[PDB]
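Scroll down for the structure; my scribbles are underneath it.
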Amino acid sequence: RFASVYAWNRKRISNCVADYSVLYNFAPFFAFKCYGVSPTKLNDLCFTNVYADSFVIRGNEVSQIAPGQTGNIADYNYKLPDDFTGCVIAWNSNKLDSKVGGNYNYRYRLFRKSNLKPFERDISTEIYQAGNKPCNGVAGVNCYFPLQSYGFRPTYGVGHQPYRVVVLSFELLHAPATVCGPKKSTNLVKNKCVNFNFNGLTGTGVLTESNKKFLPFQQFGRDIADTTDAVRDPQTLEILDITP
Amino acid sequence: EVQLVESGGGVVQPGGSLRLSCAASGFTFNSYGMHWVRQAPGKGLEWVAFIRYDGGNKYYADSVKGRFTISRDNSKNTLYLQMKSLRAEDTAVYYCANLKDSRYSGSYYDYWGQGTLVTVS
Amino acid sequence: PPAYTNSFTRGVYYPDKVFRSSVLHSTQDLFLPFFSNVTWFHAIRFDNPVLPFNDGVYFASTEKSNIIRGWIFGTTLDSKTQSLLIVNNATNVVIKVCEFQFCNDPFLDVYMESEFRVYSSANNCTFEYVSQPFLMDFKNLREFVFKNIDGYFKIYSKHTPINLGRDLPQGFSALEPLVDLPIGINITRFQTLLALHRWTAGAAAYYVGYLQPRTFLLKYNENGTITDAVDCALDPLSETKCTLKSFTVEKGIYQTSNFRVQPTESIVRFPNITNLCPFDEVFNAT
Amino acid sequence: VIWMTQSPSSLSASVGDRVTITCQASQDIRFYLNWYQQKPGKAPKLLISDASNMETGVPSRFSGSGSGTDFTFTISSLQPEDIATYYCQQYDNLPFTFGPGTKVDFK
Amino acid sequence: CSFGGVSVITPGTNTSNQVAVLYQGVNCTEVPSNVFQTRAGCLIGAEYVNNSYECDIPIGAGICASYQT
Ligand SMILES: *[C@@H]1O[C@H](CO)[C@@H](O[C@@H]2O[C@H](CO)[C@@H](O[C@@H]3O[C@H](CO)[C@@H](O)[C@H](O)[C@H]3NC(C)=O)[C@H](O)[C@H]2NC(C)=O)[C@H](O)[C@H]1NC(C)=O
Ligand SMILES: *[C@@H]1O[C@H](CO)[C@@H](O[C@@H]2O[C@H](CO)[C@@H](O)[C@H](O)[C@H]2NC(C)=O)[C@H](O)[C@H]1NC(C)=O
Ligand SMILES: *[C@@H]1O[C@H](CO)[C@@H](O[C@@H]2O[C@H](CO)[C@@H](O)[C@H](O)[C@H]2NC(C)=O)[C@H](O)[C@H]1NC(C)=O
Ligand SMILES: *[C@@H]1O[C@H](CO)[C@@H](O)[C@H](O)[C@H]1NC(C)=O
Ligand SMILES: *[C@@H]1O[C@H](CO)[C@@H](O)[C@H](O)[C@H]1NC(C)=O
Ligand SMILES: *[C@@H]1O[C@H](CO)[C@@H](O)[C@H](O)[C@H]1NC(C)=O
Ligand SMILES: *[C@@H]1O[C@H](CO)[C@@H](O)[C@H](O)[C@H]1NC(C)=O
Ligand SMILES: *[C@@H]1O[C@H](CO)[C@@H](O)[C@H](O)[C@H]1NC(C)=O
Ligand SMILES: *[C@@H]1O[C@H](CO)[C@@H](O)[C@H](O)[C@H]1NC(C)=O
Ligand SMILES: *[C@@H]1O[C@H](CO)[C@@H](O)[C@H](O)[C@H]1NC(C)=O
Numbered sequence: 346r347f348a349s350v351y352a353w354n355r356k357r358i359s360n361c362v363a364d365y366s367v368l369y370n371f372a373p374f375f376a377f378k379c380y381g382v383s384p385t386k387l388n389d390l391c392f393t394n395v396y397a398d399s400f401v402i403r404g405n406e407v408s409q410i411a412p413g414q415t416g417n418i419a420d421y422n423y424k425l426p427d428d429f430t431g432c433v434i435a436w437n438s439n440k441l442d443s444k445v446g447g448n449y450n451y452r453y454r455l456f457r458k459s460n461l462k463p464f465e466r467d468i469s470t471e472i473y474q475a476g477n478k479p480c481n482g483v484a485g486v487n488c489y490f491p492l493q494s495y496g497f498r499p500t501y502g503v504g505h506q507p508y509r510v511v512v513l514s515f516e517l518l519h520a521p522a523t524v525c526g527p528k529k530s531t532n533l534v535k536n537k538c539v540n541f542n543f544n545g546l547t548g549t550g551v552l553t554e555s556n557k558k559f560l561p562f563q564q565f566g567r568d569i570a571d572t573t574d575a576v577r578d579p580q581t582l583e584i585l586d587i588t589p
Numbered sequence: 001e002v003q004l005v006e007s008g009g010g011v012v013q014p015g016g017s018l019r020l021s022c023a024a025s026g027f028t029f030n031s032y033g034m035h036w037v038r039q040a041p042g043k044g045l046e047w048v049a050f051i052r053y054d055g056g057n058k059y060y061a062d063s064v065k066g067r068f069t070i071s072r073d074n075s076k077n078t079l080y081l082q083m084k085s086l087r088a089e090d091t092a093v094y095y096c097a098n099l100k101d102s103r104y105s106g107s108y109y110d111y112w113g114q115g116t117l118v119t120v121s
Numbered sequence: 025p026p027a028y029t030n031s032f033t034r035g036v037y038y039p040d041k042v043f044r045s046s047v048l049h050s051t052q053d054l055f056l057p058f059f060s061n062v063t064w065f066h067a068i078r079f080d081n082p083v084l085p086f087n088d089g090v091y092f093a094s095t096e097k098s099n100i101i102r103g104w105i106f107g108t109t110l111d112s113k114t115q116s117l118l119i120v121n122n123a124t125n126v127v128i129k130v131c132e133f134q135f136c137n138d139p140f141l142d143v144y153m154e155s156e157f158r159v160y161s162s163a164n165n166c167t168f169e170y171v172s173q174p175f176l177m178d186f187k188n189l190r191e192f193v194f195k196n197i198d199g200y201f202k203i204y205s206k207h208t209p210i211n212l213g214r215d216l217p218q219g220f221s222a223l224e225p226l227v228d229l230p231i232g233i234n235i236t237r238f239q240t241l242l243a244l245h246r258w259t260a261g262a263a264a265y266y267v268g269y270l271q272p273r274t275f276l277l278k279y280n281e282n283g284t285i286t287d288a289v290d291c292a293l294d295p296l297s298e299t300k301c302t303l304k305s306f307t308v309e310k311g312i313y314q315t316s317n318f319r320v321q322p323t324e325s326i327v328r329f330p331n332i333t334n335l336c337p338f339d340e341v342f343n344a345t
Numbered sequence: 001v002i003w004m005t006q007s008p009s010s011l012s013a014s015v016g017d018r019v020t021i022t023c024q025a026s027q028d029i030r031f032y033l034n035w036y037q038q039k040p041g042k043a044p045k046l047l048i049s050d051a052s053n054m055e056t057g058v059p060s061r062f063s064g065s066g067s068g069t070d071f072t073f074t075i076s077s078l079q080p081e082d083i084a085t086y087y088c089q090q091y092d093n094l095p096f097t098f099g100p101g102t103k104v105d106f107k
Numbered sequence: 590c591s592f593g594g595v596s597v598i599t600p601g602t603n604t605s606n607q608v609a610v611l612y613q614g615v616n617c618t619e620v621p640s641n642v643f644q645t646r647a648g649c650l651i652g653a654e655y656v657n658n659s660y661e662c663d664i665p666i667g668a669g670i671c672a673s674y675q676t
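Residue numbers (the entry's author numbering), protein chains in the order written: chain A, 346 to 589; chain B, 1 to 121; chain C, 25 to 68, 78 to 144, 153 to 178, 186 to 246, 258 to 345; chain D, 1 to 107; chain E, 590 to 621, 640 to 676.
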């Protein structure tokens, strides 16, 4: 059950390793627009907070989930900021979120005082008083109920079908380490001059079995004159000397 | 049980020099960054200086930046204010303060001194 | 009233996660200075203070029971701004960085082990953590060093069995790192949690000292452990040992530093004066 | 320099009345502001830290509120030992600046 | 304004941990027991005697010093 568009969820994503390839081969994905990032590089970056918003909308309004748009979704239901760096994902769900005989549980707010700020959520049901006179909680002429239910019959055109939407918004604020991907890897040959990288340590040399003993908290060693001369393989946890 | 006793007040010719001393005994001291605050007679409280817990960074007010220096001796638990080139707008009551900050000094208790009357005549 | 104790050579921790053989390495970082005055709190009747941080904290404790059972770090120790909480159960430590509405006298409450006497609000925490030991691995000294750099913390810890002495014994033991948390929090005030058993407690005692930016000379032996260190601003012979990069100084004059008297004030004399170009005639004409 | 102004700088109210004192800044100080009380002839005693957190040893008549640029000190009732001068303090940018101070008096 | 290097004299760790400091051509009134003023600077931490022995730790200009007495 995705939540309706005027009252959208907001899952804050805490510490993990985030394999985005389970996004990539999951659904037909009517729209998949990554804005600040390019989606082929997501598995090698660190983000601080990944806010995942989630709702449903009609099909001709999926173009309104974008930074700086107009229309009755982006004005006052869900406003993306103009400083956007996330990724908007949207796929059809006419198989699931729409039933025969009207589905009156998806509602959108069509009348309001003015717009929203970015990422602003309202659950008000107070009767908007358009006319000059108060109508004190009784709707009718020049004051209407603000939340109108969607339709979502199955025999509607594509453009009136229930499209589910998840908006990811990555930000990198202050923390030196947070949720990050699971980068490359490669193999581990020995007794060959190779180009190596041991969890950040970039260098060149021949890898050989060592006879040094590191303290469980140490990753690599240096020799006199302050040059790296041994490392510990992050994956296999073995100490290897580096000859040049 | 806290004691902040201050000394060094008296008649000073204009353009003279003083060493205001604040003997602190009670709390632990040298874990708190301490302040010098002054009050002109008949006027509100002003601000003079701030020194950190190790004597590292010192900050002065924008009117007396350069004529005063603030120091601390953690062996005898004292604050010092060297006042040179005093004008007649510095006759005041100087308090040796430990303000309940919580952004810079990180203190939690408010310990004020007693105040010395520095008359520059 | 205060009560001090001389910490002789305490709070020397491993600066980085790098193996080094028999090597005298000269580092410059936040260390607790040698032969310093740490404060010997009791908090036992029940009076535990809210101390500043200013640059890390060296925290030693000698307790065979389980009373000193976590810490509280923060900037106002209230809502509206975030704060860190280290609580220490019988099986696992739970670090939590939320907007805690901290009470006035915070304590745990054991019979059942409750938490509602510490705080009263837990809105919007962005960090959780669970590790097993963190504490208790004749009497046994337990030493910790907390320091918060940039945005992430660092807790160093060492638990050593000692004989009966001044509870800060004459010896040497390096502190090995425990966790490294990416919190992103301004930390300037802290205090310690306790457990009260449901009112009545035993006899607590903890030693608090403050870290300062110092230059040390650490000596790593064959197995990569630190066995000795020299504080390069504790006198003249220690300055000589830090100049030579050794711990043995043979007989003779050894030039170490430079002596250069500073200034003081700053006179600024000029010439008397002369013509004064009268505004008397232009601002004051009849 | 963060200038502060206080209002009203002169005040006279009887017993049981309520007193509001507005502290206005020139920059933005979020919730870092201290409210001191100084009786004439003595060092100032703190009453409210970080603009809302009343201390220990002070009665519950005083209260502090406000944030951003405008802050408010409120005395719900005037006992005769409330007659003093009240001061502000900010904490974000060094130097810390006190207010000019308001004088409470009896009618 | 006076200035100059600072050197530390150690009888050699192996023997003791005492030390004396000579401030080169610094007057003993402008440095900040046994204080001795010599034409080579200010000598602190050693007492100056009128006897004579063989050079031990050369201090300069005719003077020496060594753990003794
Ligand atoms: C953790 O502590 C930090 C330092 O102690 C705080 O950093 C402060 O952030 C302010 C912005 O939120 C800075 O204000 C800016 O200051 C510069 C010059 O100092 C001005 O040009 C800017 O105009 C001003 N910003 C605005 C909006 O006017 C402070 O200068 C800065 N402090 C320092 C010492 O640099 C963090 O805010 C604090 N974090 C929390 C969560 O409290
Ligand atoms: C990282 O994961 C790998 C998974 O391959 C671990 O390697 C296995 O470790 C177990 C435990 O000793 C062995 O029984 C297996 O034989 C290992 N796999 C292979 C292919 O050799 C590795 O131990 C993990 N490292 C850490 C530090 O957890
Ligand atoms: C402006 O002009 C008037 C008149 O010339 C000055 O007033 C004289 O002031 C001096 C000293 O203050 C007195 O000795 C005279 O008797 C005053 N004269 C009169 C006619 O009042 C006034 O001082 C001038 N302003 C300045 C700044 O010099
Ligand atoms: C510790 O305190 C005592 C008494 O307060 C003092 O004499 C001593 O010098 C202090 N130690 C240091 C290193 O300052
Ligand atoms: C401590 O907390 C963990 C999880 O937070 C819990 O499993 C454990 O039972 C707690 N300890 C006690 C003694 O209840
Ligand atoms: C956490 O949620 C609270 C809601 O009470 C909000 O005020 C606060 O700004 C949030 N924290 C952050 C870091 O956004
Ligand atoms: C530690 O060093 C000693 C020699 O000083 C050696 O005998 C011992 O085996 C070493 N320990 C380990 C675990 O290698
Ligand atoms: C100095 O002591 C060392 C042991 O620390 C020893 O090897 C050496 O022989 C000693 N020197 C003299 C002159 O006795
Ligand atoms: C040091 O200064 C004093 C006067 O203060 C003088 O008597 C003495 O001769 C000076 N010493 C040297 C070595 O010049
Ligand atoms: C050394 O002898 C001189 C005279 O040659 C005398 O003035 C001086 O006081 C003597 N020094 C001592 C330490 O007795």
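Yeah, the Cβ is synthetic: ideal placement off N, Cα and C, and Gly gets one too.
| Query | Result |
| --- | --- |
| Paired residues, beta bridge with residue 54 of chain D - DSSP | D/48 |
| 8 Å contact criterion, which residue 221 of chain C and residue 202 of chain C should meet: CB distance rounded | No, residue 221 of chain C and residue 202 of chain C are not in contact; Cβ-Cβ is about 18 Å, not under 8 Å. |
| Assigned secondary structure, residue 616 of chain E (DSSP; H/G/I helix, E/B strand, else coil) | coil |
| C-beta neighbour in chain C for residue 28 of chain B, strict 7 Å | yes |
| Three-pair Cβ contact test at 8 Å for the segment 229-243 of chain C versus the segment 39-56 of chain C | no |
| The alpha helix (DSSP H) enclosing residue 582 of chain A, as first and last residue numbers | From DSSP, residue 582 of chain A is part of no alpha helix (DSSP H); its letter is neither H nor E. |
| Whole-number beta carbon distance between residue 388 of chain A and residue 366 of chain A, since they are thought to touch under 8 Å | 7 Å |
| Near-chain D residues of the segment 103-119 of chain C (beta-carbon distance less than 9 Å), N- to C-terminal order | 109, 111, 113, 114 |
| Simplified DSSP state of residue 91 of chain B, which is helix, strand or coil | coil |
| Own chain, CB closer than 6 Å to residue 349 of chain A, minus 5 neighbours either side, in chain order | 451, 452 |
| Below-7 Å beta-carbon distance, residue 55 of chain C vs any chain A residue | no |
| Residue 64 of chain B versus residue 592 of chain E - alpha carbon distance | 30 Å |
| Residue 42 of chain B, DSSP secondary structure in three states | coil |
| Near ligand 8: residue 603 of chain E beta-carbon under 6 Å from a heavy atom | yes |
| Between the CA atoms of residue 54 of chain D and residue 107 of chain B - distance to the nearest angstrom | 16 Å |
| Residue 582 of chain A Cβ short of 6 Å to ligand 2 heavy atom set | yes |
| Residue 535 of chain A - DSSP class collapsed to helix/strand/coil | coil |
| Terminal residues of the alpha helix (DSSP H) in which residue 369 of chain A lies | 366-369 |
| Spatially closest choice to residue 284 of chain C from A/562, A/493, A/518, by CA coordinates | A/562 |
| Ranges of the alpha helix (DSSP H) found wholly within the segment 461-499 of chain A, counting only runs of at least 4 | none |
| CB contact check: residue 317 of chain C to chain E, cutoff 7 Å | yes |
| Same chain, Cβ closer than 7 Å to residue 5 of chain B, neighbours up to 5 away in sequence not counted | 23, 114 |
| Status (buried if at least 16 other CB within 10 Å, exposed otherwise) for residue 35 of chain B | buried |
| Complete runs of the beta strand (DSSP E) confined to the segment 267-303 of chain C [at least 3 residues] | 271-279, 285-290 |
| 7 Å Cβ cutoff met for residue 94 of chain C and residue 214 of chain C | no |
| Residues in the segment 549-562 of chain A having any Cβ partner in chain C nearer than 9 Å | 557, 558, 559, 560, 561, 562 |
| Under 7 Å from the C-beta of residue 590 of chain E: neighbouring residues of chain C | 320 |
| 6 Å CB neighbourhood of residue 58 of chain B in its chain, flanking five on each side removed | 51, 70 |
| Check whether residue 276 of chain C and residue 48 of chain C have beta carbons under 7 Å apart | yes |
| Closer than 8 Å at the beta carbon, the chain C residues around residue 102 of chain B | 108, 109, 236, 237 |
| Sequence-ordered residues whose beta carbon comes within less than 7 Å of a heavy atom of ligand 7 | A/558, C/280, C/281, C/282 |
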